[PDB]
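Asks: how would this look folded up:
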Amino acid sequence: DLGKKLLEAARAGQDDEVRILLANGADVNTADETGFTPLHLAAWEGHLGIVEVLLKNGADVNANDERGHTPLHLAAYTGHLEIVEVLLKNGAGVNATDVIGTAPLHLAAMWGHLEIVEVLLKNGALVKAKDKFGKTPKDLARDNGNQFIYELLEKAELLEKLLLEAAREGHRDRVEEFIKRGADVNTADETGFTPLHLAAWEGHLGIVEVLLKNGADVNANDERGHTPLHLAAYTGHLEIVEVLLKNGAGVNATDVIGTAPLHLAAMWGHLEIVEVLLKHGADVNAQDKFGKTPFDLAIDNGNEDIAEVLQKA
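Replies: Residues are numbered from 1 along each chain as shown. Please find the structure below.
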C-alpha cells in the first residue's frame with residue numbers, strides 16, 4: 001500500500017507527500033510492475049527536489065527497470081540537466097547500458113541535449129560506445145541533424161581517428177606522436193579493428209612493435225572475433241606472427257566461426273607461419289563451422305607441402 005503511494009507521489013511531484021511516506025517506513029527502493037522505482041519516476045518527470053530526497057534516504061541510484069534503463073538514462077532522455085548532475089554526484093553509472101546497449105550518451109546525443117552531452121563526457125562517458133545496432137552517439141546525432149553535438153563528438157574522436165589512420169597508412173612518426181599525446185592505443189574503428197589490427201593487416205612491422213611497446217592489447221577482437229594473430233596468418237607476414245606470439249598472442253584463439261590462426265596459415269599456404277604456431281602449441285585437432293581441421297584445408301587449396309608437416313604432428 002505504502003509502495004504505490006510513494007511511486008505516485010514521485011510521478012506527481014508532491015514533495016511533502018514523499019517526505020511523509022518515507023517517514024512512515026515506505027520502502028525507498030519499491031518497484032512497480034516494469035521495474036520503475038520512485039527515483040526512476042522523479043527523474044523522468046523532472047522533479048529535482050524529490051530526486052535529492054530519495055537518494056538522501058538510500059535510494060538505489062543504478063536500479064534497472066525491465067528494459068535496463070537507470071534513472072540516469074531517463075534524465076538524459078528527457079533533458080533534465082540538474083538531475084543528471086545529481087545522479088552522477090551520487091555514484092550513477094555513466095556508462096551503464098540497457099538491453100540493447102544504449103548508454104546515457106546515446107540518448108542525450110539523439111534528443112539534442114548539448115549541455116548533458118558535455119556533462120556526461122566530463123564524467124567519463126565513452127565517446128565511441130556502440131549500441132546493439134552498431135551506432136555511436138555521434139551517429140545518432142548526425143542522423144538527427146544535431147549539428148553542434150556531432151561536431152563536438154567528432155572532435156572528441158579526432159585524436160583516436162588520426163592514430164587509426166596513421167597505423168593503417170604506415171606512418172611511424174605519427175603513431176609515436178599520437179600515442180605521446182594521449183591516444184587510446186586500444187581504440188577501435190567502425191568494425192572493431194584496433195591500430196594493432198590495422199598494422200598487422202597492412203604488414204607494418206615497425207608500428208606493430210611500437211604499439212605493443214605502449215600497451216596495446218595483443219588479443220583484441222574485432223566484431224567478428226579476429227585477433228591480430230588471425231590477420232597476420234591470413235596475410236602471411238611471418239615477422240609479425242613472431243612478434244605477436246612473443247607478447248602472448250593466443251595461438252589457439254577462435255573467432256565467431258571457430259577458425260584459429262592455424263586454419264588460415266594452412267588454407268593460404270604459409271609454411272613458415274605453420275611451424276612457428278606449432279612451436280607455440282597450436283592445436284591441430286580443432287575444427288570449425290565446416291568441421292575441417294587445418295590438415296583438410298591444406299589439401300583443398302592444393303598445398304600438400306604444408307599438409308605433410310601436419311601429419312607428423
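
Asks: What residues of the helix ranked longest in the chain count as buried?
Replies: If you go by DSSP state H, the chain has its longest helix at helix 147-169. Across helix 147-169, burial judged by 16 or more other C-beta atoms under 10 Å covers 149-150, 152-153, 156-157, 160, 162-168. No exception for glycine: its C-beta is placed from N, CA and C like everyone else's.

Asks: cool, stretch 285-305 as well?
Replies: Going by 16+ other C-beta under 10 Å, stretch 285-305 has these buried residues: 288, 292-298, 303.

Asks: again, but for stretch 275-284
Replies: 276-278, 280, 282, 284.

Asks: do stretch 65-80 as well
Replies: 65, 69-80.

Asks: Could you find the closest non-adjacent residue to residue 209?
Replies: Spatial nearest neighbour of residue 209, chain neighbours left out: residue 243 (6.1 Å); criterion: C-beta to C-beta, 6 or more residues apart in numbering.

Asks: residues in contact with whatever helix or strand that neighbour lives in?
Replies: Counting by DSSP states H and E, the element that carries residue 243 is helix 238-246. Defining contact as C-beta atoms under 8 Å, 6 or more residues apart in numbering, one finds that helix 238-246 is touched by 199-200, 203, 205, 208-209, 212, 218, 228-229, 232-233, 251, 261, 270, 272-273, 276-277, 280.

Asks: repeat that for 6 Å
Replies: Residues from elsewhere that reach helix 238-246 (C-beta atoms under 6 Å, 6 or more residues apart in numbering): 200, 205, 208, 218, 228-229, 232, 272-273, 276, 280.

Asks: Any chance of the residues you listed in TSV with secondary structure and distance to residue 48 as columns?
Replies: Output for those, formatted as TSV (DSSP: H, G, I helix; E, B strand; the rest coil; distance: C-beta to C-beta, whole Å):
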residue	secondary structure	distance to residue 48
200	helix	51
205	helix	57
208	helix	52
218	coil	48
228	helix	49
229	helix	52
232	helix	55
272	helix	66
273	helix	62
276	helix	62
280	coil	59
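
Asks: Columns distance to residue 308 on top of the residues you listed, output as a markdown table?
Replies: Formatted as a markdown table, these follow (distance: C-beta to C-beta, whole Å):
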| residue | distance to residue 308 |
| --- | --- |
| 200 | 28 |
| 205 | 29 |
| 208 | 31 |
| 218 | 31 |
| 228 | 28 |
| 229 | 24 |
| 232 | 23 |
| 272 | 15 |
| 273 | 16 |
| 276 | 17 |
| 280 | 20 |
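
Asks: neighbour-wise, which of these leads?
Replies: residue 228 (34 neighbours; other C-beta atoms under 10 Å).

Asks: Settle this for me: it is touching residue 200, isn't it.
Replies: Yes: using C-beta atoms under 6 Å, residue 228 is in contact with residue 200, at 4.5 Å.

Asks: just to revisit the earlier point, show me which of the contacts of helix 238-246 is closest to residue 95.
Replies: Using C-beta to C-beta, residue 218 is the member of the contacts of helix 238-246 that sits closest to residue 95, with 24.3 Å.

Asks: May I have the phi/psi pair for the closest one?
Replies: phi -80, psi -30 (degrees, to the nearest 10).

Asks: measure it to residue 249 for me?
Replies: The gap separating residue 218 from residue 249 is 5 Å, by C-beta to C-beta, to the nearest Å.

Asks: What of residue 206?
Replies: From residue 206 to residue 249 the distance is 18 Å (C-beta to C-beta).

Asks: out of these two, which sits in the busier spot?
Replies: Neighbours per residue, other C-beta under 10 Å: of residue 206 and residue 249, the larger number sits with residue 249, 24 against 11.

Asks: quick one: the nearest residue to that one once chain neighbours are set aside and residue 241, what's the gap?
Replies: Nearest residue to residue 249, sequence neighbours excluded (C-beta to C-beta, 6+ apart): residue 229, at 4.2 Å. Note on residue 229: its distance to residue 241, by C-beta to C-beta, is 7 Å.

Asks: Same question for residue 163.
Replies: 23 Å.

Asks: which ones are touching the most centrally placed residue in the chain?
Replies: Most central in the chain under C-alpha atoms, centre = their mean is residue 129, positioned 5.5 Å from the mean C-alpha point. Residues near residue 129 by C-beta under 6 Å, 6+ apart: residue 103.

Asks: That concludes my questions; thank you for your assistance.
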